[PDB]
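# Chain and residue survey
Next come the chains, spelled out residue by residue.
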Amino acid sequence: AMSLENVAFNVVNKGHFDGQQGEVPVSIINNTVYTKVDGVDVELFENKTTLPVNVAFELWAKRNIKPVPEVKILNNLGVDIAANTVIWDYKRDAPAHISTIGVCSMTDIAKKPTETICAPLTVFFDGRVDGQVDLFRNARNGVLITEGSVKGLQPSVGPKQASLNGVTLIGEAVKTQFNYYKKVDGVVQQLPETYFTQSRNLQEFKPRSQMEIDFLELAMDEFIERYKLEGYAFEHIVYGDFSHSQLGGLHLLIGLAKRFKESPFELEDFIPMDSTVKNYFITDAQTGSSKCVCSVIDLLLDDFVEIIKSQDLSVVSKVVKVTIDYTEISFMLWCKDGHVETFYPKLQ
Amino acid sequence: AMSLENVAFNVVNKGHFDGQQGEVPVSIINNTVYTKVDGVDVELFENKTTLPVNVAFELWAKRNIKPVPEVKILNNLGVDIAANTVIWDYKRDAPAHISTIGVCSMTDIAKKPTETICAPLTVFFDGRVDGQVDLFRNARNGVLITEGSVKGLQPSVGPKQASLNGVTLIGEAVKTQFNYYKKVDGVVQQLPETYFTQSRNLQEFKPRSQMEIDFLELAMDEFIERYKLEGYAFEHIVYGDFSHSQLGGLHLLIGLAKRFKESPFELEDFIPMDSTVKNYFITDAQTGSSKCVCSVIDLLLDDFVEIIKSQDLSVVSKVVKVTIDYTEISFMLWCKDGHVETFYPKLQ
Amino acid sequence: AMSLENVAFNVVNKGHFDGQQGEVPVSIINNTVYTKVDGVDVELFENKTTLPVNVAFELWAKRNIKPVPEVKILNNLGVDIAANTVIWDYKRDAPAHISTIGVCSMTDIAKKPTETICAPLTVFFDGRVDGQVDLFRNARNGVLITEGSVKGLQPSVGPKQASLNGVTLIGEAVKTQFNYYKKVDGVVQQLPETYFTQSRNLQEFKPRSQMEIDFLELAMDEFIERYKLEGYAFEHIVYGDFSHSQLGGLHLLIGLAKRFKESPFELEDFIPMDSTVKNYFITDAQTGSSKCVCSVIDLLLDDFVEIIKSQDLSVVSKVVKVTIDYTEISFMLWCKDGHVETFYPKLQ
Amino acid sequence: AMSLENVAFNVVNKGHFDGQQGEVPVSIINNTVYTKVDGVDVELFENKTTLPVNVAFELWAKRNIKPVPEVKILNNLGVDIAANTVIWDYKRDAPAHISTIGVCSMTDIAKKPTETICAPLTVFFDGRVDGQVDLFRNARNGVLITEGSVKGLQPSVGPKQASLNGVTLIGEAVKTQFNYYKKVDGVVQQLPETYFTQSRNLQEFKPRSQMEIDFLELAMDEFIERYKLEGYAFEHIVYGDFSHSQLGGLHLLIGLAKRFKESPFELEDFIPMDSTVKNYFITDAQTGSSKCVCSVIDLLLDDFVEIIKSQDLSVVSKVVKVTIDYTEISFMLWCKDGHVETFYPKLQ
Amino acid sequence: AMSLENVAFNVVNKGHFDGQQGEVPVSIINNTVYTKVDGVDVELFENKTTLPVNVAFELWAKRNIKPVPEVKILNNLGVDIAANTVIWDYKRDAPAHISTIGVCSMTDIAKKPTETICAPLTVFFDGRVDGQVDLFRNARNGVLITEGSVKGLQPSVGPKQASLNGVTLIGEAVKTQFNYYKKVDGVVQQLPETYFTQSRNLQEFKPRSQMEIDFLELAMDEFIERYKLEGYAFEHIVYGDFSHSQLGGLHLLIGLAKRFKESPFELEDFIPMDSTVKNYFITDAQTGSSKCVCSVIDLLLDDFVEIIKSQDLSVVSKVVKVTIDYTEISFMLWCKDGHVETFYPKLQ
Ligand SMILES: CC(=O)Nc1cc(C)[nH]n1
Ligand SMILES: CC(=O)Nc1cc(C)[nH]n1
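Our focus in this paragraph is the domain arrangement of chain A. The figure often quoted for interface size is the accessible area lost as the parts come together. Residue and element names in this part refer to chain A. Considered domain by domain, chain A is made up of domain 1 (1-65), domain 2 (66-191) and domain 3 (192-348). If you look at the interface, domain 2 gives 19 residues, while domain 3 gives 16 residues. Together, the buried faces of domain 2 and domain 3 total about 1,300 Å²; carbon and sulfur atoms form 52% of this surface. Three residues stand out in domain 2 for area buried against domain 3, namely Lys72, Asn76 and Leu191, and they jointly supply 40% of the buried area on that side.

Written out as structure tokens, the structure is:
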């Protein structure tokens, strides 16, 4: 017996949908769900989605509360829908996928991912749930995550981090590093060798290597000297150039983190969604240097150094393609006299 | 197990709330309730009330579908709340009363009208439902309707008409004429002698007496001659004066009905609610004669004639009070040289 | 170059989307689209759909303005989507189908119905548009309408009427009677023998046979005598019984039309959508007789007489299935001593 | 002369409703109130309540701007309505009570708390306002606060802190510690002996005793040794266990504050309201340890130690009831072999 | 070809409107603009203005992204509209001006500021754009900013700071200090000699002189001794008096910044807009001292000291007028026995 009042009862008593029996009084006003608590209305949910308020409330209550892949990974792997769960996208305050399978009567296209309506969609399967590995084997298109070996299936070790209730973390009390598998048209696809983005924040950035510790603690010229980075334009690409009206370079998150500790700046997230490469309209508060579209990627500095040092520097300009988070990221590489001028995630 | 989906199931399958088990998918968008029917959304309800959309939907689904007293009668009798029913006010597209008793968890102040929260409120009791005559006996304040006699209690015969699903009618297949009883502080009141308004429409007006048939069929001067109405200003009060910029008189619905058959006119219902006296901003389309506040009452022409002929015509101006639909209606009576100049429901 | 301003320009200048170049200023406020005309805002569209206002505006502007099958026919034939058109559902003030093909970038699942996304969906094809008969030949699932014959394919003659801009009519200046073809999994189906509903209105009902003329002009007992209908409960089923609180029978639109000419009544369309059988909460204004769920079908009286006269009257109660508008309609048949007691479209 | 424009004038010129004469131009759009300031609209208020925008604006403008009891105290004391003031609930961005007395024409149930409509409600009275102590003496149900002695009335010394414009504080320039009194059915009730919650925040937590200073500065094992807390499960209850997928214990705010200084974590306030015990869906960012419903109380560590040390530890499981903020708080006490296993505010 | 989809394409690809060709799918729901990105809706803009959502979206996309005068300066100079640009007011999340010139078809009153509709309005002109100095010379009313000399026009050196994408800053990589010019009724007006407010924040306040460094680092009595400020009531005016229920003085931002480092407090910005003098409802969290209307100005402490030391202290009370940000600011000066009691920006 699925109902708005039962979903609300579960949120109030269990912190989320937990299949418990019960009902609480609910009032819906505009895009907000309230419940009566001792005569007064208490807000349970504000709809920030393009779905009807009561439908979005139910999908949010039915969100997966285990560590799940970050939405950028699912998107890069072509995931269209999840099997019998909701992957909540905390970057967008919305369900990661339009439709559901066995979750909500309003958004369900099927009750089971074995229904033929699901065959053309890449269904997300979670091996931690009974029967989901078998459902992936029977699925025409799909992405599977597991905590271990699936007999005969060649795995892809994914990122160390996962999203647990919107908190991206590397698990200590829980497992966040999964094996990934993908099928396209009934055929298991070999996932490519890839780098992974680190998913760090500007305000709580922590270094994850000796090189990263040295970047944050050492001065620009001594770091470049220590890591033999002369001629690789790190002064522009990583540290950033704030001397002209147009802000130069600044494409690695660690470079923004170093700058942030000294001088504040505004980052306008004009397409707010989870993605491997992020685009910001940046305004440096100290200098007034700005850039409408500043592409930023959070790679471990060692990974970025390996990528830039593995390029041929004899061409004026060329597209450099790098697999990051399972997707092909195009970078624009500009050279002059055998040295780098700039290297940035190519603005499509 | 009360729920939005269960209320919606009942509306879809039973035409209203009928206590049936079942659920249908629902979507709420702004003030509208939809249900999914074969992949597409179908509108079930548009909220025109000041209550939350899902709460108003439930009270409307739980509306009384038997002939009930017209809201103007309940209001005139001081009814605050109904016992275990919702009197739906079709003039306002809203519940007639703010709160409920044993109807909806969001609006309920009590489950049974015997709860002490109900003692100071005039509760409406319906003798057609088992135990309601007995609950009126135990209630401090209340109004009771019955189809037959109540032992020891003398009845007040109500109007012939009742509202059945928003259609005011005099029943032939159902009883619409009720016996009324009222208690104030545990004491059964003596309800006053009263006239009743006829609750007719302008577009489907039917005469209910030989005098009314004669008013509609005869010319003004011969009707006044036949019923000895000279000096009673019916030319102004009932027929209406459309010769000046300000529309004169026209306070009886039968007079508006007679005019409507010949020439159309606009009636702006600027306070849309059920009331004994209605106020309209009228604009006569043929002449351009108009009046911002034209008070209109639908009395049987014989009743209006009895009222006007029972007045002292020796005073220039005075307030004439008449019990109509159990309430005191003030009329302004203007006389000159022993004859009526005007007589209208006093705009206060 | 598709845009809101271009869609609005087409509506203002062409009465609908006509592929014309141009832009007009637009303002969107809540669910309404306005355009500036000489300094003031003029309403172009009010969104009554569950889609975003600008998306619904575009689909409505791009509606098919030729006579098209009534939505009840398309639904009964399992149509999921239309090829390169929008079938506007005027009963719901919304698009008949969730998604589009080659119509609007927000709702398109494909640009051409030959895309593999369309293969599992029953696509509606219109033989009056070039290449659509050929696209039906290549489609896995679909419904085709034509004005003439299709080589090798045997046709199913559809209803005489079609919907032209929301007006259901039998064409004189345009063709409204189509040949129907349907394919399921690449195989041209044999469409079943079917009756068709007449799609008439209560307020403008016209008889379409001598029997129907006789039903409307003759008295109940002489019509039943003339057409040898004794023992078939037409007094209850067709004419209606208004003598008890629950309105008896009244399931044929012609019976409601005959009643409507004499006495008015309220029909509450509680599931407002196009369907072969309609359900109304009816309240007879004259008697006060009412029914929460009164199923009404508009069959030609001759067709209804053929159906009822082709039934075995020896069973107390049974389900009678009749193909109407290509769908299986279940009727409940109740008999006693070899005569009909009642026969109604089964409320399920 | 109460008006929207006058309320807006007071907000603009006095910072709140101050009974001043004047009007400013106002525009209402959706749930926001604006005023024209030199040709442009400036936002004065955004309605986050379930009341109409103009009504909520007026109640917020008419909010009590003196230190008042925290809403959790008023709720625990059964307060239904306030006499001639609005207690604004800053946790909910809404009025603490549905109705008013002598405040706003839309929400007023009475002008004076002596009206019989108020007799069944527990009215809040403020002794700092002339005549309110006398109104409490005449009230059938009520809660009174005073800054001093009321002759013959036995007082209850309340918490040190009060809310002043949504800032909970212990007054230095103003008095925040009141005497509390309560009446139920005309009878003055003896308020129970109680502990009080400290109303601290996680981000600005300050210790209020030597034990609390020692908890925050000392390591877990030396604090437990110093205060003889061996066998009382403080490692689980207060410090928290982050080693398993389900976060263990962590029910005292001081324990969360200590953790917060070292590692950040997410606290989802899924029922956002003021209450003695708060429930959070917690996700520890460092470990990934989480709990859907983690009940947290802010007791002074000395008070919590007194409570836990005053319990019999010979039973496996039992409900321990403790008066906190005038209300009975149930705790679940789990013991094994004479030692505590867990002790938490019982999830109802 | 201006369109909603083209504006959205520019925002997605260029970070703002940049005149680029292209379209992206857009959905408008209530007051939010979304775009489809790989099947899911991503929020591009939330309308906080009183304009229609699509119109506000376009004006925000077309905002001036160069350093522009702060809105408080434009308002103080009487600016009504901008020539061929939108000055976005980040304090109000809205356009600084109601109408536009050559920007958006919905808000344009003209395409060029030379149109006679513009003659009575004070048009803002930007000398950094070709032809704008000439348009100011031809304009009847206007305000011009330049980065240099305009032949024959006497300049006014404006504030050092400008707003760049809502970040107020003193430019290093860009010029933020402009020359200002104003015309009223075809006549160039001499701008008055003025002080400028410093436009600092409470949370990131930095001193801009040795006196300001000394105010923040020295104790109250030694700063007053060092700068010979005895008898000038800085203890009240600048430092603030938190000893009584009504918070005394505290009218200089530097005084609030000094207090903020020690004890937190709530500043309610009840008229949220950019202005030379700001009014806050302040509540000191430590003491509970509060003031409904606390006028605060951010003057450099040296400028405030010069103003207060340039006043005659022999009158009990008088209005002191000071030009600040080109506007006349009235201050109330209260003296006793030749010493200052209080000096505050006069509450109108
Ligand atoms: C006070 C009171 O007598 N109420 C009654 C009596 C009866 C017979 N019905 N209701
Ligand atoms: C399967 C199939 O034969 N479809 C056809 C054939 C023709 C002549 N039209 N459509």
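Applying the stated rule across the entire model yields 84 salt bridges over all chains. A salt bridge links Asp126(C) to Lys66(C), with the shortest nitrogen-to-oxygen separation between them at 2.9 Å. Linking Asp126(C) in strand β9 (residues 123-126) with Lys66(C) in the loop between α2 (53-61) and α3 (71-76), this pair joins segments that are 60 residues apart in sequence. A relative accessible area of 31% means that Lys66(C) is categorised as partly exposed. The closest approach of N and O atoms between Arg259(D) and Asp284(D), which form a salt bridge, is 2.9 Å. Taken together, the positions of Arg259(D) in helix α8 (residues 253-262) and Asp284(D) in strand β17 (residues 277-284) put the pair 25 residues apart, joining distant regions of the chain. If you follow the salt bridges from partner to partner, you end up with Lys66(A), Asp126(A) and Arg128(A) in one network.

The subject of this paragraph is the relation of the copies chain D and chain A. Here two copies of a chain appear, and what relates them is a rotation about an axis with a shift along it. Between chain D and chain A, which share one sequence, the superposing operator has a rotation angle of 120° and an axial displacement of 0.0 Å; the RMSD is 0.0 Å. In the structure described here, the two chain copies are related by an operation that fits a three-fold rotation axis. For chain D, the residue whose C-alpha comes nearest the rotation axis is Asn30(D), separated from it by 5.7 Å.

This next bit is on the sheet that holds strand β19 (residues 317-324) of chain A. All names here are of chain A. Taken in spatial order, the three strands line up as β19-β20-β21 in an open sheet, and their pairing is antiparallel. What marks the edges here is a single partner per strand, and that holds for β19 and β21 (339-345). Pairs of neighbouring strands in the sheet enclose a mean axial angle of 30°, with direction left out of account. Pairing analysis gives six bridges linking strand β20 (residues 327-336) to β21, with the strands arranged antiparallel. Bridging from a neighbouring strand, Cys335 pairs with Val340 of β21.

Moving on, we come to helix α1 (residues 4-14) of chain C. Residue and element names in this part refer to chain C. Along α1, eight of the 11 residues are buried, which leaves the element largely enclosed by surrounding structure. Buried residues of α1: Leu4, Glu5, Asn6, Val7, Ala8, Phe9, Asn10 and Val11, and no others. Positive phi appears at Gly15, one or two residues downstream of α1, with a value of about 80°.

What counts as what
- Residues numbered from 1 in each chain as written, not as in the entry; some residues may be left out.
- Chains lettered and ligands numbered in written order.
- Part of a larger assembly, values for the part shown.
- Heavy atoms only, no water.
- Domains from an automatic or database assignment.
- Contact = heavy atoms within 4.5 Å.
- Buried area = accessible area lost by both parts, 1.4 Å probe.
- Salt bridge = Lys/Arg side-chain N within 4 Å of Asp/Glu carboxyl O.
- Helix = DSSP H or I, 4+ residues; strand = E, 2+ residues; numbered from the N terminus.
- Buried < 20%, exposed > 50% of the residue type's maximum accessible area, 1.4 Å probe, protein only.
- Least-squares fit on C-alpha atoms.
- Pairing = 2+ DSSP bridges.
- Axes fitted to C-alpha atoms, helices over the stretch in contact; angles between N-to-C directions.

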